[PDB]
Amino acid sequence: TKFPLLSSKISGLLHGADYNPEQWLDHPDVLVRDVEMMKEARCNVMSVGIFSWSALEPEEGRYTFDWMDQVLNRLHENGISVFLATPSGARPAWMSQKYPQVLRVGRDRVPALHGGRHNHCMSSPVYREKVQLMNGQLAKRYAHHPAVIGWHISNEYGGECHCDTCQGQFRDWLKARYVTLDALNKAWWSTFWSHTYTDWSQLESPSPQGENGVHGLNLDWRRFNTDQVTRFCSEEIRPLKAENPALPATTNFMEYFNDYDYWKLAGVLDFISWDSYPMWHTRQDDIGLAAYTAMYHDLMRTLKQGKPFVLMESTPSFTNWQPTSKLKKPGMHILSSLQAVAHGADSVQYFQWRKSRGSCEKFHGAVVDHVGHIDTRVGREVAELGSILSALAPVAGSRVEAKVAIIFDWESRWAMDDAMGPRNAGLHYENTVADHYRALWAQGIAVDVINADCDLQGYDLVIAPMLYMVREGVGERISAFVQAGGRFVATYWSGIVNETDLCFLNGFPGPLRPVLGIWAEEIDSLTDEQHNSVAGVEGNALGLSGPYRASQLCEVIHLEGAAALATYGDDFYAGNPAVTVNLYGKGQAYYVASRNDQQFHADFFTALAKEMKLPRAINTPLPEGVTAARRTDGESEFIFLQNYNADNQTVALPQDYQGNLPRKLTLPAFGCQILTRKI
């Protein structure tokens, strides 16, 4: 009926920040003020210890935990929970100097020097052992500290190491996966360019001066790295769990992060967390950007089948590392933070409570500016959001009931982006997926963002833009899902290769060819100056009309059972099917042969939602840039109405919600209103 909260100790939404009091121990007045202001702002959680290695172990084997004892006791005394971090995000300088193997070797084989962060070798037995020791200390000292509600494992795991140890490890991994060199060579088609591996010691990680044209290799390298960090993360976790199995562990994920398959890494965590820094107010409007963000929130919720996630980081204002450091306009901080909550966040947390005074993130936004207090515009909006969050306790643990699934698949992505062709100028996978998402999000229809391994049975509608790789089982599951009454939508450049990037030989859409009822003979590629158009067939079942712009990729297809919903208007393939639907069992499978404009997706998916009677957050038309999200505890529903436009927008309510809101609602620019009601 409702998910358990992050801890039995908490009873609503969390509000908080990364906290680095270790930078300020020379000013105890700052530490006392920090806490007074936390409570003023209604922050009830902080993440502590993240970059504290040198503050915990300034010399090898010599520890100094006192400041942390103090910090944890003070937060506890003041009713503030802690996510305690393991400090593996940044080794001390002494450790680098004494054990250089903890440093990485780059893809270009350049050895790193000490510095930066998140740049440890993941094979290094020394570093893994020091992590065990450090984590063992933190656990035996703090796993029963009443403040502590969970573990923040490392920080923002990322990157790759090509040192000789990592090469050895990679060779072993390959040898476990394919059992003979025979299997490997076949899987990679290595006879091409006489790349035949005749001994295991010949295998090597990719490099610009060596080999980076063997797709199978590049792909498995990414899988291998995923397994490296997943094992690294498990090992970090275990000494912690040994002292207290009841404390949950997470690690903080990044925006559409490419290095690791988060579906794999997620299987080692108790709950999901991520870090979101959208470049608000940098484009024509914030609508697209909002939908892109919202889709990733959904992904984060989907990784544990609806279980709420933590927004571990975000800025209250601007960042320090983007081309511009734009201020969030008044209201937008509430709106962006509530958007996380709207799609399943049970905590809104920020990077930095208090701005660092020196170093590279001193101009990153925080709750407490350099001016030393929170009587600033930023501070006041943070505090105001604190109030709002504390007033949303019933939303904590509530579920998102999505009947729509969109596939975003890391392995497909990796093999697609690595491939040479069919548009080396850019495929824009993230963006394309999101373009599909946007037409649903515009209607306030809930979406889960699964990968191709997830079970399709609970859904009415499954959408797979550019599912380039169709692994074993996937086409069968899809086919079964449609047959049983499901509806499927796939696009151009789906069903092309298998697990190791070998093309199918049965004609393209491959394992999906029978369900889609079409053959994709060839794909045309378009420059950024070129276009085609798609126009609906009179009487077509979705009422598509247009014409709509088609850009970048246009496939030439042949009907094999499917009927044409729309045709191309231009080029040598003019008059040919552009959009099709196929009847398969009691379901229907749609195919979209070209990359089309926003209007196309809006027409296509609003028709398809009307026909399928998909549930919406509110049953009323939403103006452009206004969206709606719904969470429920089984007893009430909570509707998040959001206005990403930069002017006022008015919505008509189809029923009564809670006192009681008027029948007709003006949302301010960047406004948000939460409507509640019994089901």
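When you see a residue number, it is the position in the sequence shown, counting from 1.
**Q** Hey, how big is the hole between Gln658 and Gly659 in terms of deposited residues without coordinates: none, 1 to 3, 4 to 9, or 10 or more?
**A** The entry has a gap there, with 4 to 9 residues left out between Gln658 and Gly659.
**Q** Quick one: higher average CA temperature factor, 331 to 339 or 174 to 182?
**A** Comparing 174 to 182 with 331 to 339, the higher mean C-alpha B-factor belongs to 174 to 182.
**Q** Look up the CA B-factors in the entry and say which stretch, 286 to 294 or 543 to 551, has the higher mean.
**A** It is 543 to 551.
**Q** According to the deposited entry, which of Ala434, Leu467, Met122, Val579 has the largest Cα B-factor?
**A** The listed residue with the largest C-alpha B-factor is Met122.
**Q** Compare the CA B factors listed in the entry for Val48, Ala629, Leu56, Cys43 and report the winner.
**A** Of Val48, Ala629, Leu56, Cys43, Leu56 has the highest C-alpha B-factor.
**Q** Compared with the other modelled residues in the chain, in which third is the CA B-factor of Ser154?
**A** Middle third of the chain for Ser154's C-alpha B-factor.
**Q** Lowest, middle or highest third: where is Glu401 by C-alpha B factor in its chain?
**A** Its C-alpha B-factor belongs to the middle third of this chain's values.
**Q** What third of the chain does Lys264 rank in for C-alpha temperature factor, lowest, middle or highest?
**A** For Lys264, whose C-alpha B-factor we compare with every modelled residue in the chain, the answer is the middle third.
**Q** State the tercile, meaning the lowest, middle or highest third, of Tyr99 with respect to the CA B-factors recorded for its chain.
**A** It belongs to the highest third of the chain when residues are ordered by C-alpha B-factor.
**Q** Would you mind checking where the Cα B-factor of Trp200 ranks among the modelled residues of its chain, as the lowest, middle or highest third?
**A** It belongs to the highest third of the chain when residues are ordered by C-alpha B-factor.
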